[PDB]
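Visitor: Numbering (the entry's author numbering), first residue to last: 678 to 742, 765 to 928.
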Amino acid sequence: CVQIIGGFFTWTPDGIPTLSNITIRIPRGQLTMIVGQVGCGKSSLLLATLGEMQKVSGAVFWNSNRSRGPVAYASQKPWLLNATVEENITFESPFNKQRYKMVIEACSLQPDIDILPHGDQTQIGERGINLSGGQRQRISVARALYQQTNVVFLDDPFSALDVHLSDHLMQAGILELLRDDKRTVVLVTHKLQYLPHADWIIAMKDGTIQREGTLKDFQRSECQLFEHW
Ligand SMILES: Nc1ncnc2c1ncn2[C@@H]1O[C@H](COP(=O)(O)OP(=O)(O)OP(=O)(O)O)[C@@H](O)[C@H]1O
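(1) Of all the options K732, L808, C806 and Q707, which has the alpha carbon lying nearest to the alpha carbon of residue 978?
(2) Suppose the cutoff is 6 angstroms on Cβ atoms and the five residues either side in sequence are ignored; what does the same chain contact list for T726 look like?
(3) I need the straight-line Cα distance from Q714 to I682, nearest angstrom please.
(4) Can you name the start and end residues of the alpha helix (DSSP H) that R798 belongs to?
(5) Within 10 Å of its beta-carbon, does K800 have 16 or more other beta-carbons around it, so buried, or fewer, so exposed?
(6) Among residues of its own chain, excluding the 5 on either side of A736, which ones have a beta-carbon nearer than 8 angstroms to its beta-carbon?
(7) Can you list the residues near ligand 1, meaning Cβ strictly closer than 6 angstroms to any non-hydrogen atom, in the order they appear in the chain?
(8) With DSSP as the reference, please indicate the residues paired to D854 in a beta bridge.
(9) So, do the stretch 864-871 and the stretch 784-794 have three or more beta carbon pairs nearer to each other than 8 angstroms?
(10) Quick one: using the 10 Å Cβ neighbour count with 16 as the cut-off for buried, is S721 buried or exposed?
(11) Using the Cα positions of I828 and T821, report the straight-line distance between them to the nearest angstrom.
(12) Around the Cβ of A773, are there at least 16 other Cβ atoms within 10 angstroms (buried) or fewer (exposed)?
(13) Starting from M869, trace the alpha helix (DSSP H) in both directions and tell me its first and last residue.
(14) Which stretch, first to last residue, makes up the beta strand (DSSP E) that contains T709?
(15) Express the C-alpha separation of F685 and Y893 in angstroms, rounding to a whole number.
(16) DSSP on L844, reduced to helix/strand/coil?
(17) Hey, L914 and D898 are a contact pair by Cβ (cut 8 angstroms); roughly how many whole angstroms apart?
(18) Are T700 and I908 close, meaning C-beta to C-beta below 7 angstroms?
(19) Tell me the DSSP secondary structure of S792 in three-state form.
(20) Can you give the beta carbon distance from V802 to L844, rounded, assuming they're within the 8 angstroms contact cut?
(21) Express the C-alpha separation of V770 and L724 in angstroms, rounding to a whole number.
(22) How long is the line joining the alpha carbons of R878 and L708, rounded to whole angstroms?
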């Protein structure tokens, strides 16, 4: 799907590229884990592949299985439309009882709605009943998974929740959704407990790509020693 050759990303409308020499691809039928340090150009790569940055020096050939499809996404900072929880998650799409139950189970929405006086009918966000960081992160994650897109981007949903139970439940739900729906995904986070197992990692470290390959290259780079310790 994703194809980048020149690899230029610039927030300034002229000069000073924040991400350069990035030559990576994200082929369809995949579940990509993203591994990298803090502030090394991780979310910038996701936005550049989305086409929300100045594409000055590089090529972007997009085609699903250069035309863009409705790619699902959820930024690191979440976003909760001031409406009901059902509308905040379905997001102007047809409502199905089967898939809503599956999503609300994997995303742990029944315990969450219990913390609310209405749940699937309460108001949330600005000018509404307040929320918590974990609840907002999980609500955003559910909306990305329920939208039935050719891809699904999860910008650090595991980092948001310190608890291991929520992280393990979310990881199991992501695996189940990807296996039972056959849709690509990409998790941009720092949770290395699963990335070298059955994911095709790609590292853009210190403002440039290090290696864009499969899990085989993880045994030929001498870098996962800290992830396994
Ligand atoms: N929206 C933006 N506007 C301006 N500069 C940006 C923006 N996003 C990223 N940058 C710049 O590009 C750099 C790359 O950041 P990067 O993508 O690694 O962030 P991150 O690891 O996702 O962030 P965080 O620490 O919040 O989790 C940033 O340090 C910043 O200098």
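Where a beta carbon is used, it is the ideal one built from N, C-alpha and C, also for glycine.
Guide: Result, derived from the coordinates:
(1) Because the chain in this structure spans residues 678 to 928, residue 978 falls outside the shown range and cannot be described.
(2) Around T726: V679.
(3) Each residue's Cα considered, the two are about 23 angstroms apart.
(4) For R798, the enclosing alpha helix (DSSP H) stretches over residues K796 to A805.
(5) Residue burial is scored here from C-beta neighbours: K800 has fewer than 16 other C-beta atoms within 10 angstroms and is therefore classed as exposed.
(6) Taken in chain order, the residues that qualify are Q680, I681, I682 and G683.
(7) With the cut-off at 6 angstroms, the residues found are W688, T695, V715, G716, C717, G718, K719, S720, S721 and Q775.
(8) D854 is bridged to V887.
(9) Between the stretch 864-871 and the stretch 784-794 there are fewer than three C-beta pairs closer than 8 angstroms, too few to call the two in contact.
(10) It is buried - the Cβ of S721 has at least 16 other Cβ atoms within 10 Å.
(11) A direct Cα-to-Cα measurement between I828 and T821 gives close to 8 angstroms.
(12) Classification of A773: buried, given that the 10 Å Cβ count is 16 or more.
(13) First-last of the alpha helix (DSSP H) with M869: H863 to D880.
(14) Counting along the chain, the unbroken beta strand (DSSP E) around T709 starts and ends at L708 to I711.
(15) Computed Cα separation, rounded: 30 angstroms.
(16) Per DSSP, reduced to three states, the secondary structure at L844 is helical.
(17) About 7 angstroms separates the two Cβ atoms, so the contact holds.
(18) Cβ atoms of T700 and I908: closer than 7 angstroms.
(19) Of the three classes helix, strand and coil, the one that applies to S792 here is coil, per DSSP.
(20) So it is a contact: roughly 6 angstroms between Cβ atoms.
(21) Cα-Cα distance, rounded: 12 angstroms.
(22) Cα-Cα distance, rounded: 10 angstroms.
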